[PDB]
Structure formats: C-alpha cells, structure tokens
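Chains as they are written, first to last, in PDB author numbering: chain P, 684 to 732; chain F, 489 to 878; chain E, 489 to 537; chain B, 587 to 683. Below you'll find the structure, written out as structure tokens, and then a few comments.
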Amino acid sequence: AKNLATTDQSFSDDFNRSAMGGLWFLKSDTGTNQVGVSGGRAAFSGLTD
Amino acid sequence: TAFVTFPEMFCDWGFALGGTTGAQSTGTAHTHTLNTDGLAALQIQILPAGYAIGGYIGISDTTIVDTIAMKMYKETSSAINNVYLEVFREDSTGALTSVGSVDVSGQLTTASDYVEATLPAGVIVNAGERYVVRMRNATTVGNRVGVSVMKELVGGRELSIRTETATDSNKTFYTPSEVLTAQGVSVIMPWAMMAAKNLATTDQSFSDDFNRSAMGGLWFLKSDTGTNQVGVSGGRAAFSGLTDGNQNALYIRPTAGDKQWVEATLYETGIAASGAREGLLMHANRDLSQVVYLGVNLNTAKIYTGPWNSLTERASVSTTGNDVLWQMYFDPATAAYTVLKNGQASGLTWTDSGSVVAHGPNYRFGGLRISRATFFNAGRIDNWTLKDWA
Amino acid sequence: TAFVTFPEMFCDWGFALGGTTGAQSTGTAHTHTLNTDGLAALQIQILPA
Amino acid sequence: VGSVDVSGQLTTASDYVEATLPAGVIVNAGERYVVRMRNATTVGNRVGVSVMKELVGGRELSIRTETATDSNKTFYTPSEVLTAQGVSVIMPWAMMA
C-alpha cells in the first residue's frame, strides 16, 4: 500500500469518564498530580501551585 | 502491548534440524545424517567497550512507551558500569534523535537473561515511524558485553546500526550520513523491545441500539430452549420461538473494574400476561456461574443472584408503568446495588452484607435476559448500555 | 501497510546453527560440531521459461 | 473451560486435528489460554506431537505433567503450574480458532 490518499484525522473527547486514561500524555510541574477528570470535566488535581 | 525487532519466540526457542549434509572438505566422501541434536536459533555476539549496536523497531499501533528491553549478559564476573540503553526516533530525513536513555549496568547478570529498564519519561510513539534501541557499553573497567543477535544475510535491506568509535558511541544526534555509514558497517541485528508495561486504563463503555438484522457476533447467547436464542426483530431484542424458557445474551467486551452501570429501556412489557421476567444482567461470569439479574414484570421488579439454572431472590419492589428506561448500578464504596427507574430512586436497593457476590477480573460482564412462559413472550428491549460510572 | 506470504524478516535474515550432527554415511564414525558458520534461511529456486 | 475427545478422528499420518468445543468460551485480549493434550488411553498406544524445541535461559511458558493424577487434574494451582513449567522441556503447537 505504498501510496494512499491520506485523510485528515480528527479526534474529540467529552472528558466524561472516570480517569484521564491512556489517550493523554500527562506532564506537570507538580511532580505527582496531573490533569484529572472530575465531574465530567478536566481540572487541576491537587492543591499545589 | 509492545514492539519487537523480530518475534521474541525466536530468542526463547529454536528449530530442530533435519536432512543430510553434503560433501566433505577432505578425507573419505560421506554425508552425515541430521537429527534433533542440531538446533537453529539466535547467536551471541561479544562486544568491547565503546562499541554501540542497535536495531530498527517498527511501530504497529500508537501508544506511550515506558520501558525497553534487550537480551544480553556480561562475559566475566568483574564489576561493570556505563552500560546504556537508549531510544532514537527516526525523522523524515532518516536522522536519529535521542528521546531517552537509561543505565542498565547495575541489573546485568552473567547468565544470558532479559534486561528491562524504565525510561526517565514516557515517549509518545505513532504507527508508521521507526525507532532504534541502542546499547552503548562505554564501560571503564573493560568487561565486554554479549548481546543475543541473529545473523543477517547479504543482498537484502540493511536496518541495523553499529558504531565503533567512542565519539560515535557517545553521540546523541546522528546525522543521515553517519546513519548510512553505520548501516553499511553493521553485520548483525540485535533483539530489542519497546514495551507498554503500565497504562492509565480507561473505563471502557459499550452500547447497542439493537437495530440490525441479526443478533451479531458481539453477543454470547445461551438459552434453555436448545435451538432458539435472543433474536432481534423490529429493532428490538426478543425471545425467538414459541418455546417456554429463558434466553440470555452476554456482551463479549468486559468492563474495566468492579464498578458497573447498566441501562436499557423496556418496551412492550405492560402487555405481559403472567410471570414475564426480563431485564438486564450485571456481574456475569464468562461461564454464567453467578450473575446479578434485574427482572421486571407488569407488576413488580426483583433482583436475583446466582447461576442461570436457579436464581435466588434478594429484593423485590412493587411498581407500575414498567415501560421506561431502567438503569441499575453498583457502588463498591458501600458494596451496594441501586436501581433507578426513569431517573427516579424507585426504592430498589440491595446491600451485600454477606458478600455473596464475588468481584474480580472474571466478573465484569453484562448482558440481557428474557423469559417466556404460557404462550406469552415478555417485553422487548432496546438501547442497551454498559459503562463504569465515576 | 502490506501483506506478505511469510514475514520479510526471513527473506532478509537467517539463523545461526548450533548443536551436533548424527552418524555418517561411511567411514570412521564421528559427529561434527555445529557453529555460527552454518546459516539456516530460505533457498533459491531456479526456473526456466 | 472446555474439553473434547479426539481419539476417534486421529490418523497415523501427521495431520491437523480440529475439534469443536461443547460450547463457546468468550476470550479477551491480554489473558492467556493453554491447550492441553491429555492422552489417558487404555490400550497403551503412544501419541506423537509436533513440538518446537525450547532453548535454556529464556521464559518458561509450556506445561508438561507425567503422573496420571496430574493429567486428570481439572483445576490446577499456581504451585503445580510452576512445577510443570519447570519440568517441561518442549513447547507444543496449539490453535484456538
């Protein structure tokens, strides 16, 4: 399949699940807490600055 | 989930030889008979300090890498250090860029054993790109390192890199010219692995509108009728056939954890005659050894436990107008099951004080159940859904 | 993306032999020792028009 | 989770033997399954199985039991599984379709 008519990939996430999941590489300056999903919305986990 | 330069089964196993050899170099002409005592497998390549060897790794499905592995050992028992395993991404131009490295000299063993090392941070990979797992071995003491490789045959594609100078071994950003030179120089091909040991597992959820022609391969069907199973008609599941008995459909795809939430709408259940039991199944074994079942008739709704052959009633409640979108879920914080009718509490709750229900990897399957008796099929079901509520 | 009758890694590479052969056809009875000099790989078939 | 008798359809020539399970068994990605050949015959004729030799120094993932009780076992324990893995020296070819 040497050459294909490549489509334009598109993705969407409602963030309406329990955990962040493996579909998101997380990197934070806190050290332990990353972007956490709560109440169906992403937010800053932890009380750190 | 991982990617290997060539299947690990070759490193783990070998082929038995057979047939007959050919002519001799000198002496009386004879041909020896091959047998199982001859083994075809990977070879071992010793390598001195300052010599780096690596192989290209394909990416099948995109994910996040966490660790890398190689099959190697040390020749002598002397102390060693400065043994590095690193990962290089190949750009469009073919240049190699370092995206991670790790010291593995501490955990090395004299015996030929796997070496698995965690990267300092995750490196996202995508299907279609190529990666190289390089072993550096820039030690100071001088003990050599033996890596398990498999011999390459000339005349084919060259996709292994090998560098001898200490400068090239310590290089962290190879240019295309140096990559081509290393590919030309290289004569072996090492065994390398890029793994996905730990992932942030999601809460898997599934749903089916039951709006197709056949039952489909996404449902394991088991019934006491013998021949007929849950059949889809008019876009709704139903008890196929005129026989008296029970039918169950189990979703092939399991959920993530013990937290379960199943929901479906009950249709044509207010016209039932007597004893028509149908509804949803949660915490179902693959072999249906023990299940938690929600049975709704035209009069009441009950919760059942146990194998499909014989069910035990745990709780019951008398309701009316049972043609709505029923839901029922399990909270492991209190180990309790709660049923919500049309978004209302409906006062249906069971508490497992005795822990009669076992929760584990083999008890995360849901499904649907119908029963038919006395020439009156139970209601039909639609909009089936299972998920892991937060 | 492609489909192959058997993995191309065999077509590109080979295996190193090891072990020991069996009895000989004639002469003094002996068994040779296998080493990395023996290569196990696919063969080449000639074919006329 | 499933057993089948394949003595009737066996042939002296080395040929594939395919047997239907009594009922379907759902499987999921990430789990592991073992296809065990028992051979608890009464006449005493031996059975030859096509295997592929394993090399030492690698992972052990084949099971081999010798005693009749072990062969007739239905629910193995982790200790017995480890002992069988250590004892085994061959790896058989098995398919689940």
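Backbone N, C-alpha and C fix where the C-beta goes; we use that ideal spot for every residue, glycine too.
Judged by DSSP in its simplified three-state form, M497 of chain F adopts helix. In the three-state reduction of the DSSP assignment, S513 of chain E falls in the coil class, being assigned neither a helical nor a strand state.
Proximity to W796 of chain F across F:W814, F:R774, F:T788, F:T509 peaks at F:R774, based on C-alpha coordinates. Just so you know, the alpha carbons of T660 of chain F and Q533 of chain F end up roughly 24 Å apart.
Here the C-alpha atom of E640 of chain B lies approximately 14 Å from the C-alpha atom of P495 of chain F.
In the three-state reduction of the DSSP assignment, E652 of chain B falls in the coil class. The bridge partners DSSP lists for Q735 of chain F are F:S711, F:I858.
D811 of chain F and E751 of chain F have their C-alpha atoms some 13 Å from each other.
Each residue's CA atom was taken as its position, placing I869 of chain F and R802 of chain F some 23 Å apart. Put simply, the backbone Cα of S728 of chain P is about 35 Å away from that of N871 of chain F. Contact between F576 of chain F and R622 of chain F holds: their C-beta atoms lie close to 6 Å from each other, under 8 Å.
In the same chain as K829 of chain F, and ignoring 5 residues on each side of it, the C-beta atoms closer than 7 Å to its own belong to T807, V812, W814, in chain order.
Excluding five sequence positions before and after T788 of chain F, the CB atoms of its chain that fall closer than 7 Å to its own CB belong to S804, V805, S806, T807, given in chain order. Taking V637 of chain F as reference, the option from F:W679, F:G867, F:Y825, F:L738 with the minimal CA-CA separation is F:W679. In terms of Cβ geometry, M560 of chain F and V635 of chain F form a close pair [threshold 9 Å]. Exposure of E604 of chain B is indicated by the presence of fewer than 16 other C-beta atoms within 10 angstroms of its C-beta.
With the criterion set as a beta carbon lying under 9 Å from some beta carbon of chain B, the members of the segment 595 to 608 of chain F are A599, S600, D601, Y602, in sequence order. By the beta-carbon neighbour count (other beta carbons within 10 angstroms, threshold 16), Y602 of chain B is exposed. The beta carbon of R857 of chain F does not come within 9 Å of any beta carbon belonging to chain B, so the residue lies off that interface. Beta bridge pairing from DSSP links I532 of chain F with F:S636.
Fewer than three beta-carbon pairs drawn from the segment 835 to 844 of chain F and the segment 687 to 704 of chain F are found closer than 8 Å, and the two stretches are therefore not classed as touching.
For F503 of chain E, at least one C-beta of chain F is nearer than 9 Å to its own C-beta. By the Cβ criterion, the segment 665 to 680 of chain F is in contact with the segment 535 to 548 of chain F, since at least three pairs of Cβ atoms, one from each stretch, lie closer than 8 Å.
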